[PDB]
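**Q** Sharing a structure, written as C-alpha cells. Questions coming.
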Amino acid sequence: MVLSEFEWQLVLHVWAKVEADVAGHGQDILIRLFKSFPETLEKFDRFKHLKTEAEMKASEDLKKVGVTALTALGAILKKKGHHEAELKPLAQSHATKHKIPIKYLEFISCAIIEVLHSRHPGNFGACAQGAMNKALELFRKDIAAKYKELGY
Ligand code: HEM
Ligand SMILES: [Cl-]
C-alpha cells in the first residue's frame with residue numbers, strides 16, 4: 001500500500017501537534033495500551049511491576065520509554081514511507097530483543113488513535129484519522145515483512 005501526498009500532509013500536521021507535548025502523549029498512549037491490553041505490560045521488564053494508573057503516571061521510566069517510542073515514530077512518519085533504513089533497527093530489536101508480536105503493534109496503533117482523538121477534539125477529523133490509520137498500517141506491514149525475513 002501507499003499513502004498519497006495529501007494523506008501524508010494530514011499525518012504530519014497531526015504529528016506536529018503531538019510534538020507540543022511528546023512526553024504527555026507518550027504517557028497517555030502507554031497507559032491506554034496497558035489498560036486495554038494488560039498482557040502487553042509483561043514485555044516491559046523495566047516497569048511491569050506497576051499496578052495502577054496512578055503508579056504509571058508517576059513512573060519516570062515509563063515516561064522516558066514513551067518519549068523514545070514517539071520520537072522514533074515521528075522520525076519514521078516524516079520519511080513519508082521512505083523509511084527502509086529507519087525501520088530496520090526497530091524491526092530487529094522488536095523481533096529479537098523485546099519479542100513484540102505484530103498483534104501488539106496493532107494494539108498500540110489502536111491506543112495511538114484513541115489518544116489522538118482524546119487530546120485533539122475538533123482537530124482530528126475523519127480525513128486525518130483515516131490518513132493516520134493508513135500510516136500506522138504501512139508501518140506495521142513493513143515491520144511484519146522484516147519479521148518474516150528474521151523467521152519471527
Ligand atoms: C509505534 C510503535 C513502536 C515504536 C516506534 C517503538 C519504538 C521503540 C524504540 C525507539 C525503542 C528503543 C530502541 C530499540 O530498542 O529499538 C523501543 C524499546 C522498547 N519497545 Fe518499542 N516501539 C513501539 C511499540 C512497542 C510495543 C507495542 C511494545 C510492547 C508491547 C514495545 C516494547 C518495547 C520494549 C520492551 C522496549 C525496551 C524498553 C526499555 O528500555 O525499558 N514497543 N521501542
Ligand atoms: Cl480531517
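Residues are referred to by chain and number: the chain letter is A, B, ... according to the order shown in the C-alpha cells, the number counts from 1 in that chain, and ligands are numbered separately from 1 in the order shown.
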Can you pull out every residue with an atom within 9 Å of ligand 1? Use only C-alpha atoms and all ligand atoms and format it as a VMD selection string.
**A** chain A and resid 30 33 to 34 37 39 to 47 61 to 62 64 to 76 87 89 to 94 97 to 109 112 136 139 to 140
**Q** Got time to write the residues from that selection, N, CA and C atoms, as a short mmCIF file (atom, residue, chain, number, x, y, z; two decimals), in the first residue's frame?
**A**
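That gives us part32.cif:
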```cif
data_model
loop_
_atom_site.label_atom_id
_atom_site.label_comp_id
_atom_site.auth_asym_id
_atom_site.auth_seq_id
_atom_site.Cartn_x
_atom_site.Cartn_y
_atom_site.Cartn_z
N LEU A 30 0.95 4.80 26.34
CA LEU A 30 1.35 3.57 27.03
C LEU A 30 0.33 3.17 28.06
N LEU A 33 -2.55 1.60 26.28
CA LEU A 33 -2.11 0.27 25.86
C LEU A 33 -2.22 -0.74 27.00
N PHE A 34 -1.67 -0.40 28.18
CA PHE A 34 -1.68 -1.35 29.30
C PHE A 34 -3.07 -1.54 29.86
N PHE A 37 -4.99 -3.68 27.02
CA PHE A 37 -4.39 -4.99 26.72
C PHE A 37 -3.31 -5.27 27.81
N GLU A 39 -1.73 -7.70 29.14
CA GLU A 39 -0.63 -8.62 28.86
C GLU A 39 0.56 -7.91 28.22
N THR A 40 0.33 -6.75 27.53
CA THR A 40 1.45 -6.05 26.89
C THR A 40 2.43 -5.52 27.93
N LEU A 41 1.96 -5.24 29.14
CA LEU A 41 2.84 -4.72 30.18
C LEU A 41 3.97 -5.70 30.52
N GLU A 42 3.76 -7.01 30.36
CA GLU A 42 4.79 -8.02 30.65
C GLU A 42 6.03 -7.86 29.79
N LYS A 43 5.92 -7.26 28.60
CA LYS A 43 7.08 -7.10 27.74
C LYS A 43 8.03 -6.04 28.25
N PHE A 44 7.59 -5.18 29.18
CA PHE A 44 8.41 -4.04 29.63
C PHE A 44 9.04 -4.42 30.96
N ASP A 45 10.20 -5.10 30.90
CA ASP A 45 10.83 -5.60 32.11
C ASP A 45 11.11 -4.49 33.11
N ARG A 46 11.38 -3.28 32.62
CA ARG A 46 11.73 -2.16 33.49
C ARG A 46 10.58 -1.72 34.40
N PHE A 47 9.31 -1.95 33.98
CA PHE A 47 8.24 -1.40 34.82
C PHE A 47 6.99 -2.27 34.87
N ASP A 61 10.47 6.23 34.48
CA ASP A 61 10.89 5.26 33.47
C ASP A 61 9.84 5.05 32.38
N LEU A 62 8.56 4.95 32.75
CA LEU A 62 7.51 4.80 31.75
C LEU A 62 7.46 6.03 30.85
N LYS A 64 9.92 8.08 30.03
CA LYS A 64 11.07 8.09 29.12
C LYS A 64 10.87 7.12 27.96
N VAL A 65 10.36 5.92 28.26
CA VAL A 65 10.10 4.93 27.23
C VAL A 65 9.05 5.45 26.25
N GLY A 66 8.02 6.15 26.75
CA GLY A 66 7.03 6.73 25.85
C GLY A 66 7.64 7.81 24.96
N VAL A 67 8.51 8.67 25.52
CA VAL A 67 9.19 9.68 24.71
C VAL A 67 10.02 9.02 23.62
N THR A 68 10.77 7.98 23.96
CA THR A 68 11.61 7.32 22.96
C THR A 68 10.77 6.70 21.84
N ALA A 69 9.67 6.01 22.19
CA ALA A 69 8.82 5.41 21.16
C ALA A 69 8.22 6.47 20.22
N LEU A 70 7.72 7.58 20.78
CA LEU A 70 7.09 8.60 19.95
C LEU A 70 8.12 9.39 19.14
N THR A 71 9.31 9.62 19.71
CA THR A 71 10.39 10.23 18.94
C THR A 71 10.72 9.39 17.71
N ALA A 72 10.85 8.08 17.89
CA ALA A 72 11.18 7.24 16.75
C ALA A 72 10.04 7.19 15.75
N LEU A 73 8.80 7.10 16.23
CA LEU A 73 7.66 7.05 15.30
C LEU A 73 7.56 8.35 14.50
N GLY A 74 7.79 9.50 15.16
CA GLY A 74 7.77 10.77 14.42
C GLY A 74 8.81 10.82 13.33
N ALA A 75 10.04 10.35 13.64
CA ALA A 75 11.11 10.35 12.63
C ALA A 75 10.72 9.47 11.44
N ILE A 76 10.11 8.33 11.72
CA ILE A 76 9.70 7.41 10.68
C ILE A 76 8.60 8.02 9.82
N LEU A 87 13.52 1.87 9.71
CA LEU A 87 12.70 0.81 10.27
C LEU A 87 13.53 -0.42 10.56
N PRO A 89 16.47 -1.12 12.16
CA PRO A 89 16.92 -1.42 13.52
C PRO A 89 15.77 -1.67 14.47
N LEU A 90 14.67 -0.94 14.29
CA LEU A 90 13.49 -1.10 15.12
C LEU A 90 12.85 -2.48 14.94
N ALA A 91 12.71 -2.93 13.69
CA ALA A 91 12.15 -4.26 13.47
C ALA A 91 13.06 -5.31 14.09
N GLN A 92 14.39 -5.15 13.93
CA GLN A 92 15.32 -6.11 14.51
C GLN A 92 15.15 -6.20 16.01
N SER A 93 15.16 -5.05 16.71
CA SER A 93 15.11 -5.10 18.16
C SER A 93 13.77 -5.63 18.65
N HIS A 94 12.67 -5.22 18.01
CA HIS A 94 11.36 -5.64 18.49
C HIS A 94 11.11 -7.12 18.21
N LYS A 97 14.97 -8.79 20.50
CA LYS A 97 15.31 -8.38 21.86
C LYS A 97 14.05 -8.24 22.72
N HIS A 98 13.05 -7.50 22.25
CA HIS A 98 11.88 -7.24 23.07
C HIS A 98 10.81 -8.28 22.85
N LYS A 99 10.81 -8.94 21.70
CA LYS A 99 9.88 -10.00 21.34
C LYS A 99 8.42 -9.53 21.32
N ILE A 100 8.15 -8.57 20.44
CA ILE A 100 6.85 -7.91 20.35
C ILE A 100 6.08 -8.48 19.14
N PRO A 101 5.03 -9.26 19.33
CA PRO A 101 4.28 -9.74 18.16
C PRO A 101 3.59 -8.60 17.41
N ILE A 102 3.32 -8.85 16.13
CA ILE A 102 2.62 -7.85 15.32
C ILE A 102 1.31 -7.45 15.97
N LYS A 103 0.61 -8.40 16.59
CA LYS A 103 -0.64 -8.01 17.20
C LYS A 103 -0.45 -6.93 18.25
N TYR A 104 0.69 -6.91 18.96
CA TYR A 104 0.88 -5.84 19.93
C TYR A 104 1.13 -4.50 19.24
N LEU A 105 1.68 -4.51 18.02
CA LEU A 105 1.78 -3.27 17.24
C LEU A 105 0.40 -2.80 16.78
N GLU A 106 -0.51 -3.75 16.53
CA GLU A 106 -1.89 -3.37 16.23
C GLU A 106 -2.53 -2.74 17.46
N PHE A 107 -2.26 -3.33 18.64
CA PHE A 107 -2.82 -2.80 19.88
C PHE A 107 -2.33 -1.37 20.13
N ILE A 108 -1.02 -1.12 19.97
CA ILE A 108 -0.54 0.24 20.23
C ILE A 108 -1.05 1.22 19.17
N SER A 109 -1.24 0.76 17.93
CA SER A 109 -1.84 1.62 16.91
C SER A 109 -3.26 2.06 17.31
N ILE A 112 -2.83 4.68 20.01
CA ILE A 112 -2.40 5.96 19.44
C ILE A 112 -3.59 6.76 18.90
N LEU A 136 -0.04 4.10 10.05
CA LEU A 136 0.32 3.08 11.04
C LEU A 136 0.22 1.68 10.42
N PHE A 139 3.40 1.14 8.43
CA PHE A 139 4.46 0.86 9.40
C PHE A 139 4.40 -0.59 9.88
N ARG A 140 3.20 -1.09 10.24
CA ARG A 140 3.09 -2.48 10.70
C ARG A 140 3.41 -3.47 9.58
#
```
**Q** Could you pull the residues within 9 Å of range 1-17 of chain A, counting only C-alpha atoms, minus those fewer than 2 positions along the same chain, as a list in words?
**A** residues 19, 20, 21, 74, 77, 78, 80, 81, 116, 120, 123, 124, 127, 128, 129, 130, 131, 132, 134, 135, 137, 138 and 141 of chain A
**Q** Within 12 Å of residue 52 in chain A, counting only C-alpha atoms, which residues show up once you throw out same-chain ones fewer than 2 positions away? Write them as a compact mmCIF listing (two decimals) with C-alpha atoms, in the first residue's frame, please.
**A**
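Everything below was put into part.txt:
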```txt
# COMPACT_ATOMS: atom_id res chain seq x y z
CA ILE A 31 -1.22 3.78 29.80
CA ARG A 32 -4.07 3.24 27.29
CA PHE A 34 -1.68 -1.35 29.30
CA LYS A 35 -5.26 -0.73 30.38
CA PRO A 38 -2.79 -5.74 30.12
CA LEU A 41 2.84 -4.72 30.18
CA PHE A 47 8.24 -1.40 34.82
CA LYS A 48 5.94 -4.45 34.64
CA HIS A 49 5.55 -4.26 38.43
CA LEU A 50 3.36 -1.13 38.10
CA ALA A 54 -1.52 6.46 39.30
CA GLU A 55 1.68 4.44 39.58
CA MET A 56 2.08 4.51 35.77
CA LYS A 57 1.65 8.29 35.64
CA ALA A 58 4.25 8.72 38.41
CA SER A 59 6.82 6.48 36.72
```
**Q** From the set A:96, A:60, A:117, A:83, which residue has the shortest atom-to-atom contact distance to ligand 2, counting only C-alpha atoms and all ligand atoms?
**A**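 Comparing A:96, A:60, A:117, A:83 against ligand 2, the winner is A:117.
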**Q** Please report the interatomic distance between CA of residue 79 in chain A and CA of residue 22 in chain A in Å with one decimal.
**A**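 If I compute the distance from CA of residue 79 in chain A to CA of residue 22 in chain A, I get 18.6 Å.
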**Q** What are the DSSP alpha helix (DSSP H) residues of range 18-142 of chain A, as number ranges by chain?
**A** A: 18, 22-36, 53-58, 60-78, 84-96, 102-119, 126-142
**Q** In Å, rounded to a single decimal, give me how far CA of residue 85 in chain A is from CA of residue 142 in chain A.
**A**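 Between CA of residue 142 in chain A and CA of residue 85 in chain A the gap works out to 11.6 Å.
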**Q** May I ask for the distance between CA of residue 86 in chain A and atom 1 (Cl, counted along the ligand's line) of ligand 2, given in Å to one decimal place?
**A**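 According to the coordinates, CA of residue 86 in chain A and atom 1 (Cl, counted along the ligand's line) of ligand 2 are separated by 27.6 Å.
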**Q** Write out as a short mmCIF file (atom, residue, chain, number, x, y, z; two decimals) with C-alpha atoms, in the first residue's frame which residues come within 8 Å of residue 115 in chain A when counting only C-alpha atoms, dropping same-chain ones fewer than 2 positions away.
**A**
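Output file result32.cif follows:
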```cif
data_model
loop_
_atom_site.label_atom_id
_atom_site.label_comp_id
_atom_site.auth_asym_id
_atom_site.auth_seq_id
_atom_site.Cartn_x
_atom_site.Cartn_y
_atom_site.Cartn_z
CA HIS A 25 1.20 11.87 24.62
CA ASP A 28 -1.27 8.56 27.67
CA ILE A 29 -0.53 6.08 24.85
CA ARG A 32 -4.07 3.24 27.29
CA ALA A 111 -4.12 3.24 21.51
CA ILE A 112 -2.40 5.96 19.44
CA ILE A 113 -5.59 6.78 17.50
CA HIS A 117 -8.98 11.63 19.47
CA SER A 118 -9.00 12.33 23.21
CA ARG A 119 -6.28 15.02 23.14
#
```
**Q** Let me make sure I understand: among A:148, A:24, A:126, A:143, which one has the smallest atom-to-atom distance to ligand 2 if we use only C-alpha atoms and all ligand atoms?
**A**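 With only C-alpha atoms and all ligand atoms as the atom set, the closest residue is A:126.
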**Q** Given only C-alpha atoms and all ligand atoms as the basis, pick out the residue of A:146, A:53, A:121, A:152 nearest to ligand 2.
**A** A:121
**Q** Measuring between only C-alpha atoms and all ligand atoms, which one of A:110, A:122, A:26, A:151 shows the shortest distance to ligand 2?
**A**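 Among the listed residues, the smallest separation from ligand 2 belongs to A:122.
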